[PDB]
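Virtual Cβ from ideal backbone geometry, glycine too; neighbours counted across all protein chains shown. Derivation of every value follows stated rules applied to the coordinates shown; laboratory data play no part.
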Amino acid sequence: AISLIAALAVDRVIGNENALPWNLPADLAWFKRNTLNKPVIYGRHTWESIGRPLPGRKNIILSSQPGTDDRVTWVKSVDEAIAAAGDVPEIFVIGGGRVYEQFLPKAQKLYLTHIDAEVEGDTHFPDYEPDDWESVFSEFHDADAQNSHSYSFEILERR
Ligand SMILES: Nc1nc(=O)c2nc(CNc3ccc(C(=O)N[C@@H](CCC(=O)O)C(=O)O)cc3)cnc2[nH]1
Ligand SMILES: [Cl-]
């Protein structure tokens, strides 16, 4: 089954021109624990942002442009990306915006981090109908010595 994971600032903005103005190691830990040892799908731009494959995970990159690396799997379509992932219980889509958009219709779960930050950004997470989804988990955290902003984790399951 397909799962989407993302960190959202106020107004569902997932990023912009510049680096994100928050320090949230707690979110990174949450991200690792949920995606560890599972196939992860992402686009050309996210690849460029990280530069190297994510450890212990099966990296699948959706790109219309030919692949430039042998350590990760390169696909040209959504159907091909899902096939390259295999017959595993859970497959994660980790971005970016246009990729989340193509995968939302087929997602069964949403792992969201709601960050209390007013970030003026260009890219937004797709709008999802609240009625089509059930919030089976939500946990609120305040900012602390390690995390700069207050935030909440949420797991939604498709109805
Ligand atoms: N919750 C959530 N937080 C994110 O930061 C996030 N980032 C993406 C896409 N961008 C990125 C950028 C960097 C790494 C990365 O280098 N992660 C390392 C953790 C490093 C670490 O703390 O060891 C990883 O191994 O997962 C992953 C995704 C998608 N969904 C997200 N979702
Ligand atoms: Cl991307």
Among (1) under 15 Å from the mean Cα position of the chain (by Cα); (2) farther than 21 Å from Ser135 by Cβ - the single one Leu110 does not satisfy: (2)
Cβ-Cβ under 8 Å pairs, at least 6 apart or on other chains, the range 45-63 side without any contact (Cβ under 8 Å) to a residue 60 or more places away in the chain and within 15 Å of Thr35 (Cα to Cα), far side within 8 Å of ligand 2 (Cβ to nearest atom) and of a type outside the set (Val, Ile, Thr): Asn59/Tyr42; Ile60/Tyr42
Filter result (part of a helix (DSSP H, G or I) and within 14 Å of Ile5 (Cβ to Cβ)) within the range 17-57: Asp27, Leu28, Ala29, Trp30, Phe31, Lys32, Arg33, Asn34, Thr35, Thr46
Hits in the range 94-114 - residues which are within 16 Å of ligand 2 (Cβ to nearest atom) and over 27 Å from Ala143 (Cα atoms): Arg98, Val99, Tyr100, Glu101, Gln102, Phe103, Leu104
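Here's the yes/no breakdown for (1) buried (at least 17 other Cβ atoms within 10 Å of the Cβ); (2) farther than 18 Å from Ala1 by Cα; (3) in contact (Cβ under 8 Å) with a residue 12 or more places away in the chain:
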position: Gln108; (1), (2), (3): no, no, yes
position: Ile115; (1), (2), (3): yes, yes, yes
position: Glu118; (1), (2), (3): no, yes, yes
position: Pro130; (1), (2), (3): no, yes, no
position: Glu134; (1), (2), (3): no, no, yes
position: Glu139; (1), (2), (3): no, yes, yes
position: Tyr151; (1), (2), (3): yes, yes, yes
position: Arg159; (1), (2), (3): no, no, yes
Qualifying residues in the range 67-95 (those that are in contact (Cβ under 8 Å) with a residue 60 or more places away in the chain and surrounded by fewer than 18 Cβ atoms within 10 Å (Cβ to Cβ)) - the one farthest from ligand 1 (Cβ to nearest atom): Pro89
Residue satisfying condition, being crowded, with 18+ Cβ neighbours inside 10 Å, aliphatic (A, V, I, L, M) and within 11 Å of ligand 1 (Cβ to nearest atom), within set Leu28, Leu20, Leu24, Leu36: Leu24
